[PDB]
Amino acid sequence: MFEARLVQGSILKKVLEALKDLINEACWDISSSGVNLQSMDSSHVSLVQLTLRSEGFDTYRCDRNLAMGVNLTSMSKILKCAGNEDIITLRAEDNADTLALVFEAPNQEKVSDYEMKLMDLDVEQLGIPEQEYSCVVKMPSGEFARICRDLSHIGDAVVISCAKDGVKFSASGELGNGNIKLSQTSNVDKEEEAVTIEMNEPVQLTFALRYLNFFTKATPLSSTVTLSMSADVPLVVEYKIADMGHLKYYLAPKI
Amino acid sequence: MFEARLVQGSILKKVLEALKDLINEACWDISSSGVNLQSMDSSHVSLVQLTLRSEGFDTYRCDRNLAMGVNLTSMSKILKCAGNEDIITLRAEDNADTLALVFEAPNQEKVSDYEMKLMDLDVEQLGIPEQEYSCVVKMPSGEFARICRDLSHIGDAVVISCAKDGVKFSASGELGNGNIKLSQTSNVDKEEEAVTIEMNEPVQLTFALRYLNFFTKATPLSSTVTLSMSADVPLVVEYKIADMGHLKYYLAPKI
Amino acid sequence: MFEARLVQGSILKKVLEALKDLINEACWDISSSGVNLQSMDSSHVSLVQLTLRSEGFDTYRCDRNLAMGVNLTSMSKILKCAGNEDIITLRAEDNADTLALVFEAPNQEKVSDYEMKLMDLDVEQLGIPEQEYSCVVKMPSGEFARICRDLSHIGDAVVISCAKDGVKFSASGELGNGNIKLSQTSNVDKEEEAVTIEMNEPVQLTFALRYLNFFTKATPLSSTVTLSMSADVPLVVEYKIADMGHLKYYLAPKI
């Protein structure tokens, strides 16, 4: 059987709120290594890459390999019933037609046992190889969420330019245009981070803000976010689920 | 004349927010004992039983008996104008065509004097006799509100089963089904209560979650809620207005 | 060129949220004295009078006179992108077709540079002379906002009566009527203010609550609000932008 016990049930709730707005039909690849998820949106522009290691689960147990076709919108409704401190436990059988969901209160008074039906998926699997990117921008997750939200009111697409000085976001629309230059000033404070970059070569691409707004739904999961981009390759937005795995977001450039 | 002065005006605001979603046409039975209200919904499945003792009012004064046909939705709009710490004073005459509503600020700077027109009611009165119930479940008011809200996403009806071990809530719908078993674990903490029960005999009935969601609108009124149920009799949900009275909610079983 | 630097960028955000609901087509009169704005609504019942002194700007610089026809709704969308502590800098040229908007983070890491297109206005200018009013009521800004909001549920118009004792607000509508008498009780507390008045002669006029609700959008700007009114003259609602200027709101009496 499959049995994964997560003490921090808040993590799984934050994960599912990050996918349901982008995708609603995906497959959960379950193995001894951990949980994996790979799916695209309707228009096949973006891709999700979820990984949850078994080393992070309080109690992991998987006999054979599993591939669970799960409706995310349905699952998100169920995981809305779980509390923040509630210990969430997923439990499938090896011939699983359904998937159980155990929401356990800390003191074990309120024990909830949900049961979600699976479905058959005609899935097309995507194998993305490892690439070395020209630029890797590290920034606060709340910072990137505001930038994408503010430029959404300006235009439909964002021009991201990168150099050695810093990264500049640009948008143009109806009421005009705006520019957000992210630099690395030298001040004196505490842990407020900035925006370190590992530029090998300057890049300048354009991306859709609609899908970037879907990516910022994984904000609560991580304190900071890395955006790795390179000429003629899709941009990767990564939210690292600390001590569990990571949530990558691939996105193709425009035109 | 009728004159009732309530120092804690927040209570009356919490009371009216609990009825307006269930009923909008009810009669206020006023006497020397206190305030009483008894009315059913449109479909005559549920009943409200409000009681406010005169022993709890800062200043109660009733010459003769009164029966005031009051539009609750209209009254709820007016009582939305009262502050939280505002001393609310209700004042009718003995031949009342209208009902006055005095909202007094603590320091007596902001004094508001509202006037609401009454209406004639073709009311059908209901006399419910006292019954001894098979099971009385005591639980936090915020706990019962979450259970009813979470199962609402599952199905339309909830199967409540009771025993000696504990109480189990069940629902089944489109995306699947869920079960919430409330037990009495033995841990070590403080005043976090659990769910004591006085079962004489195990009961199992089914109720509508739509009307139960109307009942949980009386949450702010009480810290805990009692649900007394018995085979072939309507379930009673009671929110005790401390040092004032109680707000009962009768509900007929399904099928 | 025109260059105004405001350290407290929150003020400008609060200003624009107060106009956009009342008016959306106005002209910004820029001179060495400071910023001025004078415009009416569609139905020409109310008038806005914004004044921001150059003595309050961290860095003011205006070569020649300027009159900028600015879409307020467009500008409000842009100023929604500015942070609370962000240092906002407005910068036009002397032949300005557009208007720049510099949003500078304190530590100067996040620097945003927006650009808004101006437009030609067929504006009708209004010269209001200084008048001595019969009554000037001083009250908390949050107090006046609640009074206008509560009477909005009652009726469409508010009857404001003034005397030596205090000021009384009255409204009548469908579910009935209400009265709010503001007096000056003698208690013992701290800085909770009340409602001082400089009545020369008692006044009683009627005004629309729809436009008064548009005026209360300038609440965050000031702690207290002054309402100066006089028989047969329009009522003036003033929100004083401390150490910067003031935001007046003229409103014609009904009938």
# chains A, B, ... in the order shown; residues from 1 in each chain; ligands from 1
call {"tool": "select_by_dssp", "arguments": {"residues": "segment 156-209 of chain A", "states": "strand (DSSP E or B)", "output": "ChimeraX atom specification"}}
result
/A:157-162,167-172,176-182,197,204-208
call {"tool": "write_last_selection", "arguments": {"atoms": "N, CA, C and O atoms", "output": "compact mmCIF listing (two decimals), in the first residue's frame"}}
result
# COMPACT_ATOMS: atom_id res chain seq x y z
N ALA A 157 2.08 41.60 -21.16
CA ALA A 157 3.37 40.91 -21.19
C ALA A 157 4.45 41.71 -20.48
O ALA A 157 4.38 42.94 -20.41
N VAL A 158 5.44 41.00 -19.94
CA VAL A 158 6.53 41.65 -19.22
C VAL A 158 7.87 41.38 -19.89
O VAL A 158 8.21 40.24 -20.20
N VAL A 159 8.63 42.45 -20.12
CA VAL A 159 9.97 42.33 -20.67
C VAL A 159 11.02 42.28 -19.57
O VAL A 159 11.31 43.28 -18.92
N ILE A 160 11.59 41.09 -19.36
CA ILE A 160 12.60 40.90 -18.32
C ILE A 160 14.01 40.99 -18.90
O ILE A 160 14.42 40.15 -19.70
N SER A 161 14.75 42.02 -18.49
CA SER A 161 16.13 42.18 -18.93
C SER A 161 17.10 41.96 -17.77
O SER A 161 16.84 42.37 -16.64
N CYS A 162 18.21 41.29 -18.05
CA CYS A 162 19.18 40.95 -17.02
C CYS A 162 20.59 41.38 -17.41
O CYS A 162 20.95 41.36 -18.59
N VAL A 167 18.43 43.43 -12.45
CA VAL A 167 17.37 42.98 -13.35
C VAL A 167 16.26 44.02 -13.46
O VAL A 167 15.84 44.60 -12.46
N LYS A 168 15.80 44.26 -14.68
CA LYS A 168 14.77 45.26 -14.93
C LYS A 168 13.51 44.64 -15.54
O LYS A 168 13.59 43.95 -16.56
N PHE A 169 12.37 44.89 -14.91
CA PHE A 169 11.09 44.46 -15.45
C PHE A 169 10.37 45.61 -16.15
O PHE A 169 10.33 46.73 -15.64
N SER A 170 9.81 45.34 -17.32
CA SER A 170 9.17 46.37 -18.13
C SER A 170 7.81 45.91 -18.64
O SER A 170 7.63 44.75 -19.00
N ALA A 171 6.85 46.84 -18.68
CA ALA A 171 5.54 46.56 -19.26
C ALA A 171 4.97 47.81 -19.91
O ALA A 171 5.23 48.94 -19.47
N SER A 172 4.18 47.61 -20.96
CA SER A 172 3.52 48.72 -21.65
C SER A 172 2.10 48.34 -22.06
O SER A 172 1.86 47.24 -22.55
N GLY A 176 -0.36 53.64 -20.33
CA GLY A 176 1.04 54.02 -20.45
C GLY A 176 1.98 52.83 -20.23
O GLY A 176 1.71 51.70 -20.63
N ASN A 177 3.13 53.12 -19.60
CA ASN A 177 4.10 52.06 -19.35
C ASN A 177 4.86 52.29 -18.04
O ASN A 177 4.89 53.37 -17.48
N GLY A 178 5.47 51.19 -17.54
CA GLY A 178 6.22 51.29 -16.29
C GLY A 178 7.47 50.42 -16.31
O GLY A 178 7.58 49.45 -17.05
N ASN A 179 8.45 50.82 -15.48
CA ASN A 179 9.69 50.05 -15.41
C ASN A 179 10.13 49.83 -13.96
O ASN A 179 10.11 50.73 -13.13
N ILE A 180 10.49 48.57 -13.66
CA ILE A 180 10.93 48.25 -12.30
C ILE A 180 12.36 47.73 -12.28
O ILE A 180 12.64 46.59 -12.64
N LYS A 181 13.30 48.62 -11.93
CA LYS A 181 14.71 48.23 -11.93
C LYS A 181 15.15 47.70 -10.57
O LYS A 181 15.13 48.39 -9.56
N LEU A 182 15.52 46.41 -10.56
CA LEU A 182 15.99 45.80 -9.31
C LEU A 182 17.51 45.83 -9.22
O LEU A 182 18.23 45.17 -9.97
N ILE A 197 22.52 37.68 -8.32
CA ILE A 197 22.38 37.05 -9.62
C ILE A 197 23.70 36.41 -10.08
O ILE A 197 24.79 36.90 -9.82
N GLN A 204 17.53 38.88 -22.40
CA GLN A 204 16.34 39.72 -22.50
C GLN A 204 15.22 39.01 -23.25
O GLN A 204 15.28 38.86 -24.47
N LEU A 205 14.21 38.57 -22.51
CA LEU A 205 13.08 37.86 -23.10
C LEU A 205 11.75 38.48 -22.67
O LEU A 205 11.71 39.35 -21.80
N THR A 206 10.66 38.01 -23.27
CA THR A 206 9.33 38.48 -22.92
C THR A 206 8.43 37.32 -22.52
O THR A 206 8.45 36.26 -23.14
N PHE A 207 7.64 37.52 -21.46
CA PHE A 207 6.76 36.48 -20.95
C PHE A 207 5.38 37.02 -20.63
O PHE A 207 5.19 38.23 -20.47
N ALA A 208 4.40 36.13 -20.54
CA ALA A 208 3.03 36.51 -20.23
C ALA A 208 2.83 36.67 -18.72
O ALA A 208 3.27 35.83 -17.94
call {"tool": "closest_atom_pairs", "arguments": {"of": "chain B", "to": "chain C", "cutoff": "12 Å", "atoms": "only C-alpha atoms", "output": "JSON lines"}}
result
{"residue": "B:70", "atom": "CA", "partner": "C:175", "partner_atom": "CA", "distance": 10.8}
{"residue": "B:71", "atom": "CA", "partner": "C:175", "partner_atom": "CA", "distance": 9.0}
{"residue": "B:72", "atom": "CA", "partner": "C:175", "partner_atom": "CA", "distance": 10.8}
{"residue": "B:73", "atom": "CA", "partner": "C:175", "partner_atom": "CA", "distance": 9.6}
{"residue": "B:74", "atom": "CA", "partner": "C:175", "partner_atom": "CA", "distance": 6.0}
{"residue": "B:75", "atom": "CA", "partner": "C:175", "partner_atom": "CA", "distance": 8.3}
{"residue": "B:76", "atom": "CA", "partner": "C:175", "partner_atom": "CA", "distance": 10.8}
{"residue": "B:77", "atom": "CA", "partner": "C:153", "partner_atom": "CA", "distance": 7.0}
{"residue": "B:78", "atom": "CA", "partner": "C:153", "partner_atom": "CA", "distance": 7.8}
{"residue": "B:79", "atom": "CA", "partner": "C:150", "partner_atom": "CA", "distance": 9.7}
{"residue": "B:80", "atom": "CA", "partner": "C:150", "partner_atom": "CA", "distance": 7.7}
{"residue": "B:81", "atom": "CA", "partner": "C:150", "partner_atom": "CA", "distance": 5.3}
{"residue": "B:82", "atom": "CA", "partner": "C:150", "partner_atom": "CA", "distance": 8.7}
{"residue": "B:83", "atom": "CA", "partner": "C:146", "partner_atom": "CA", "distance": 9.7}
{"residue": "B:97", "atom": "CA", "partner": "C:176", "partner_atom": "CA", "distance": 11.8}
{"residue": "B:98", "atom": "CA", "partner": "C:176", "partner_atom": "CA", "distance": 9.0}
{"residue": "B:99", "atom": "CA", "partner": "C:176", "partner_atom": "CA", "distance": 9.9}
{"residue": "B:100", "atom": "CA", "partner": "C:178", "partner_atom": "CA", "distance": 9.2}
{"residue": "B:101", "atom": "CA", "partner": "C:178", "partner_atom": "CA", "distance": 8.7}
{"residue": "B:102", "atom": "CA", "partner": "C:179", "partner_atom": "CA", "distance": 9.4}
{"residue": "B:103", "atom": "CA", "partner": "C:180", "partner_atom": "CA", "distance": 9.0}
{"residue": "B:104", "atom": "CA", "partner": "C:180", "partner_atom": "CA", "distance": 10.0}
{"residue": "B:105", "atom": "CA", "partner": "C:182", "partner_atom": "CA", "distance": 10.5}
{"residue": "B:106", "atom": "CA", "partner": "C:187", "partner_atom": "CA", "distance": 10.2}
{"residue": "B:107", "atom": "CA", "partner": "C:187", "partner_atom": "CA", "distance": 6.8}
{"residue": "B:108", "atom": "CA", "partner": "C:185", "partner_atom": "CA", "distance": 6.5}
{"residue": "B:109", "atom": "CA", "partner": "C:183", "partner_atom": "CA", "distance": 5.3}
{"residue": "B:110", "atom": "CA", "partner": "C:182", "partner_atom": "CA", "distance": 5.3}
{"residue": "B:111", "atom": "CA", "partner": "C:181", "partner_atom": "CA", "distance": 5.4}
{"residue": "B:112", "atom": "CA", "partner": "C:180", "partner_atom": "CA", "distance": 4.3}
{"residue": "B:113", "atom": "CA", "partner": "C:179", "partner_atom": "CA", "distance": 4.9}
{"residue": "B:114", "atom": "CA", "partner": "C:178", "partner_atom": "CA", "distance": 3.9}
{"residue": "B:115", "atom": "CA", "partner": "C:177", "partner_atom": "CA", "distance": 5.3}
{"residue": "B:116", "atom": "CA", "partner": "C:176", "partner_atom": "CA", "distance": 5.0}
{"residue": "B:117", "atom": "CA", "partner": "C:176", "partner_atom": "CA", "distance": 6.0}
{"residue": "B:118", "atom": "CA", "partner": "C:175", "partner_atom": "CA", "distance": 9.3}
{"residue": "B:119", "atom": "CA", "partner": "C:175", "partner_atom": "CA", "distance": 10.9}
call {"tool": "residues_around", "arguments": {"residues": "segment 31-47 of chain C", "least_positions_apart": "3", "cutoff": "9 Å", "atoms": "only C-alpha atoms", "output": "JSON, numbers by chain"}}
result
{"C": [2, 22, 23, 24, 25, 26, 27, 28, 50, 51, 52, 53, 54, 55, 56, 57, 60, 61, 62, 63, 64, 65, 66, 67, 123, 124, 125, 126, 211, 234, 248, 249, 250, 251, 252, 253]}
call {"tool": "calpha_fit_and_write", "arguments": {"fixed": "chain B", "moving": "chain C", "output": "short mmCIF file (atom, residue, chain, number, x, y, z; two decimals) with C-alpha atoms, in the first residue's frame"}}
result
data_model
loop_
_atom_site.label_atom_id
_atom_site.label_comp_id
_atom_site.auth_asym_id
_atom_site.auth_seq_id
_atom_site.Cartn_x
_atom_site.Cartn_y
_atom_site.Cartn_z
CA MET C 1 -44.78 51.15 28.20
CA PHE C 2 -42.05 48.67 27.28
CA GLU C 3 -38.47 49.63 28.14
CA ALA C 4 -35.48 47.29 28.04
CA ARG C 5 -31.92 48.57 28.45
CA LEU C 6 -29.04 46.33 27.38
CA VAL C 7 -25.54 47.49 28.32
CA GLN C 8 -23.89 44.80 26.20
CA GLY C 9 -25.37 45.89 22.87
CA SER C 10 -23.08 43.44 21.08
CA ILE C 11 -25.30 40.57 22.23
CA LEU C 12 -28.40 41.90 20.47
CA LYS C 13 -26.38 42.43 17.29
CA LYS C 14 -25.15 38.83 17.43
CA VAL C 15 -28.71 37.62 18.01
CA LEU C 16 -30.16 39.36 14.96
CA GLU C 17 -27.38 38.15 12.66
CA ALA C 18 -28.40 34.61 13.63
CA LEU C 19 -32.06 34.88 12.65
CA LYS C 20 -32.05 37.08 9.56
CA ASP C 21 -30.51 34.35 7.41
CA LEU C 22 -33.06 31.77 8.56
CA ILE C 23 -36.21 33.86 9.00
CA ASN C 24 -37.35 37.39 8.17
CA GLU C 25 -40.92 37.45 9.49
CA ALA C 26 -41.27 36.81 13.22
CA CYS C 27 -43.10 38.09 16.30
CA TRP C 28 -41.45 39.38 19.47
CA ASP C 29 -43.35 38.19 22.54
CA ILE C 30 -42.67 40.74 25.28
CA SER C 31 -43.65 40.19 28.91
CA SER C 32 -42.46 40.81 32.47
CA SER C 33 -40.42 37.59 32.34
CA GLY C 34 -38.40 38.81 29.36
CA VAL C 35 -38.28 38.64 25.56
CA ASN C 36 -39.41 35.58 23.60
CA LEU C 37 -39.40 34.67 19.91
CA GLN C 38 -40.84 31.60 18.18
CA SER C 39 -40.99 31.21 14.40
CA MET C 40 -40.39 28.73 11.58
CA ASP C 41 -38.76 29.06 8.16
CA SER C 42 -40.60 29.05 4.83
CA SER C 43 -40.51 25.28 4.37
CA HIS C 44 -41.45 24.65 8.00
CA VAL C 45 -38.52 22.32 8.66
CA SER C 46 -36.69 24.35 11.30
CA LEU C 47 -37.77 26.44 14.29
CA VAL C 48 -36.18 29.26 16.28
CA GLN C 49 -36.64 29.66 20.04
CA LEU C 50 -35.12 32.86 21.41
CA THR C 51 -35.33 33.74 25.11
CA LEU C 52 -33.91 36.82 26.81
CA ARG C 53 -34.55 37.03 30.55
CA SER C 54 -35.47 40.32 32.21
CA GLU C 55 -33.01 39.40 34.97
CA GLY C 56 -30.23 40.05 32.46
CA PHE C 57 -31.40 43.46 31.28
CA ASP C 58 -29.85 46.45 33.03
CA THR C 59 -33.27 48.10 33.17
CA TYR C 60 -36.44 46.17 32.35
CA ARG C 61 -39.92 47.67 32.47
CA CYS C 62 -43.08 46.16 31.00
CA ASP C 63 -46.56 47.31 32.00
CA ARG C 64 -48.72 45.03 29.87
CA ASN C 65 -48.11 42.09 27.55
CA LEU C 66 -46.82 42.80 24.02
CA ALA C 67 -46.62 40.97 20.70
CA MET C 68 -44.57 42.84 18.11
CA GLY C 69 -44.60 41.73 14.49
CA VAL C 70 -41.12 42.76 13.39
CA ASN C 71 -39.39 42.48 10.02
CA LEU C 72 -36.02 40.97 10.91
CA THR C 73 -34.20 42.04 7.74
CA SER C 74 -35.31 45.62 8.35
CA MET C 75 -34.28 45.38 12.01
CA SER C 76 -30.92 43.86 11.08
CA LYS C 77 -30.18 46.87 8.88
CA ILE C 78 -30.89 49.21 11.79
CA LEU C 79 -28.93 47.18 14.34
CA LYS C 80 -25.99 47.30 11.93
CA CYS C 81 -25.80 51.00 12.82
CA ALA C 82 -25.12 50.24 16.48
CA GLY C 83 -21.57 50.04 17.80
CA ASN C 84 -20.06 47.11 19.69
CA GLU C 85 -19.83 48.86 23.06
CA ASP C 86 -22.98 50.89 22.39
CA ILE C 87 -25.72 50.60 25.01
CA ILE C 88 -28.81 49.52 23.08
CA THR C 89 -32.23 50.44 24.47
CA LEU C 90 -35.52 49.12 23.09
CA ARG C 91 -38.64 51.14 23.89
CA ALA C 92 -42.18 50.40 22.71
CA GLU C 93 -45.48 51.89 23.87
CA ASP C 94 -48.44 49.83 25.08
CA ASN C 95 -50.33 50.63 21.88
CA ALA C 96 -47.19 50.37 19.78
CA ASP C 97 -47.45 50.94 16.04
CA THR C 98 -43.68 51.41 15.91
CA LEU C 99 -40.60 50.40 17.91
CA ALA C 100 -37.88 52.79 19.05
CA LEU C 101 -34.19 51.86 19.14
CA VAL C 102 -31.77 53.91 21.23
CA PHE C 103 -28.06 53.44 20.52
CA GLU C 104 -26.09 55.10 23.32
CA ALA C 105 -22.31 55.51 23.27
CA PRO C 106 -20.58 54.77 26.59
CA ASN C 107 -19.54 58.38 27.16
CA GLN C 108 -22.96 59.48 25.92
CA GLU C 109 -21.64 61.74 23.15
CA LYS C 110 -23.06 59.80 20.20
CA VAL C 111 -26.74 59.16 20.93
CA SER C 112 -28.72 57.53 18.12
CA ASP C 113 -32.52 57.29 18.10
CA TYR C 114 -33.96 54.99 15.43
CA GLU C 115 -37.63 54.27 14.74
CA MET C 116 -38.86 51.09 13.06
CA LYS C 117 -42.41 50.52 11.83
CA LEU C 118 -44.09 47.29 12.91
CA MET C 119 -46.46 45.15 10.84
CA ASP C 120 -49.48 42.90 11.35
CA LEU C 121 -48.69 39.17 11.30
CA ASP C 122 -50.97 36.23 10.51
CA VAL C 123 -48.81 34.10 12.76
CA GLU C 124 -49.20 30.40 13.51
CA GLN C 125 -47.99 29.69 17.05
CA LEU C 126 -46.13 26.51 17.97
CA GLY C 127 -46.07 24.91 21.42
CA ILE C 128 -43.12 22.56 21.86
CA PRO C 129 -43.26 20.42 25.01
CA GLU C 130 -40.20 19.51 27.10
CA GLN C 131 -38.60 16.19 26.13
CA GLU C 132 -35.78 14.05 27.51
CA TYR C 133 -33.31 13.31 24.72
CA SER C 134 -31.25 10.17 24.12
CA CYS C 135 -28.03 12.06 23.41
CA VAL C 136 -26.71 15.49 24.38
CA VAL C 137 -23.43 16.40 22.68
CA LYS C 138 -21.44 19.34 24.05
CA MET C 139 -18.83 20.88 21.76
CA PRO C 140 -17.10 24.19 20.98
CA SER C 141 -19.20 26.50 18.80
CA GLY C 142 -16.29 27.08 16.42
CA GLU C 143 -15.79 23.34 16.08
CA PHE C 144 -19.37 22.66 14.98
CA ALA C 145 -19.24 25.57 12.53
CA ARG C 146 -16.23 24.09 10.74
CA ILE C 147 -17.69 20.58 10.59
CA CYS C 148 -20.90 21.82 8.98
CA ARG C 149 -19.00 24.07 6.57
CA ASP C 150 -16.59 21.34 5.46
CA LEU C 151 -19.27 18.70 4.88
CA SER C 152 -21.27 21.26 2.89
CA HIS C 153 -18.63 20.97 0.16
CA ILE C 154 -19.08 17.19 0.22
CA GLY C 155 -22.82 16.53 0.24
CA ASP C 156 -26.20 18.11 0.93
CA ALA C 157 -27.05 16.02 4.00
CA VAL C 158 -25.11 14.91 7.08
CA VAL C 159 -25.41 11.55 8.83
CA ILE C 160 -24.91 12.06 12.56
CA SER C 161 -24.20 8.88 14.52
CA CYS C 162 -23.82 8.76 18.30
CA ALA C 163 -22.53 6.16 20.76
CA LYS C 164 -20.55 5.88 24.00
CA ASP C 165 -17.14 6.27 22.37
CA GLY C 166 -18.02 9.47 20.51
CA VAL C 167 -19.96 11.13 17.70
CA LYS C 168 -19.32 10.66 13.98
CA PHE C 169 -20.39 13.02 11.20
CA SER C 170 -20.71 11.63 7.67
CA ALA C 171 -21.41 13.09 4.23
CA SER C 172 -21.37 11.82 0.64
CA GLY C 173 -21.57 13.76 -2.62
CA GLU C 174 -20.04 14.23 -6.04
CA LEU C 175 -16.27 14.26 -5.54
CA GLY C 176 -16.62 11.49 -2.97
CA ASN C 177 -17.31 11.23 0.75
CA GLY C 178 -15.86 12.17 4.13
CA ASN C 179 -16.13 11.17 7.78
CA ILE C 180 -15.47 13.19 10.93
CA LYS C 181 -15.12 11.08 14.07
CA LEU C 182 -15.25 13.08 17.29
CA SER C 183 -13.63 11.19 20.15
CA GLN C 184 -12.40 11.89 23.67
CA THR C 185 -8.65 11.31 23.67
CA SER C 186 -6.69 11.51 26.91
CA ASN C 187 -3.99 14.17 26.64
CA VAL C 188 -2.48 16.88 28.82
CA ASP C 189 -3.36 20.52 28.18
CA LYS C 190 -5.58 23.38 29.36
CA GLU C 191 -9.10 24.67 28.74
CA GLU C 192 -9.54 23.34 25.21
CA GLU C 193 -12.59 21.20 25.94
CA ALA C 194 -13.55 18.20 23.82
CA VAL C 195 -16.99 16.64 23.42
CA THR C 196 -18.74 15.18 26.45
CA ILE C 197 -21.94 13.22 25.83
CA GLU C 198 -24.81 11.94 27.94
CA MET C 199 -25.89 9.00 25.79
CA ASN C 200 -28.71 6.92 27.11
CA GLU C 201 -29.16 5.14 23.78
CA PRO C 202 -27.21 5.30 20.51
CA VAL C 203 -28.90 7.42 17.83
CA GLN C 204 -28.38 7.76 14.07
CA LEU C 205 -30.29 10.33 12.02
CA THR C 206 -29.82 12.46 8.90
CA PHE C 207 -30.17 16.24 8.63
CA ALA C 208 -29.79 18.98 6.02
CA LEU C 209 -26.54 20.94 6.04
CA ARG C 210 -28.24 23.98 4.51
CA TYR C 211 -30.23 24.66 7.68
CA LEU C 212 -27.34 23.63 9.93
CA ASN C 213 -25.31 26.37 8.25
CA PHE C 214 -28.05 28.82 9.21
CA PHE C 215 -27.74 27.62 12.80
CA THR C 216 -23.99 28.25 12.98
CA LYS C 217 -24.73 31.95 12.52
CA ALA C 218 -25.22 32.05 16.29
CA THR C 219 -21.57 31.20 16.91
CA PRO C 220 -20.40 34.57 18.29
CA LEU C 221 -23.14 34.28 20.92
CA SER C 222 -21.75 31.27 22.78
CA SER C 223 -18.39 29.56 23.31
CA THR C 224 -19.88 26.07 23.19
CA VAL C 225 -22.96 24.49 21.60
CA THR C 226 -25.19 21.60 22.69
CA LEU C 227 -26.88 19.29 20.19
CA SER C 228 -29.66 17.17 21.69
CA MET C 229 -31.12 14.52 19.39
CA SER C 230 -33.35 11.44 19.64
CA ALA C 231 -34.82 8.81 17.33
CA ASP C 232 -37.91 10.02 15.46
CA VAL C 233 -37.66 13.48 17.02
CA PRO C 234 -36.23 16.74 15.64
CA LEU C 235 -32.65 17.66 16.59
CA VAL C 236 -32.15 20.66 18.88
CA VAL C 237 -29.16 22.98 18.51
CA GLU C 238 -28.77 25.27 21.51
CA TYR C 239 -26.59 28.36 21.81
CA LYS C 240 -26.74 29.60 25.41
CA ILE C 241 -26.64 33.38 25.69
CA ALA C 242 -24.78 33.56 29.00
CA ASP C 243 -26.51 35.50 31.78
CA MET C 244 -29.37 36.35 29.44
CA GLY C 245 -31.05 33.25 28.05
CA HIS C 246 -30.62 30.82 25.16
CA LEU C 247 -31.05 30.40 21.41
CA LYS C 248 -32.45 27.01 20.43
CA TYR C 249 -32.58 25.62 16.90
CA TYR C 250 -35.02 22.77 16.15
CA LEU C 251 -34.54 20.76 12.96
CA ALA C 252 -36.54 17.84 11.54
CA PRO C 253 -34.74 14.70 10.35
CA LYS C 254 -34.67 13.86 6.64
CA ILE C 255 -37.03 11.36 5.00
#
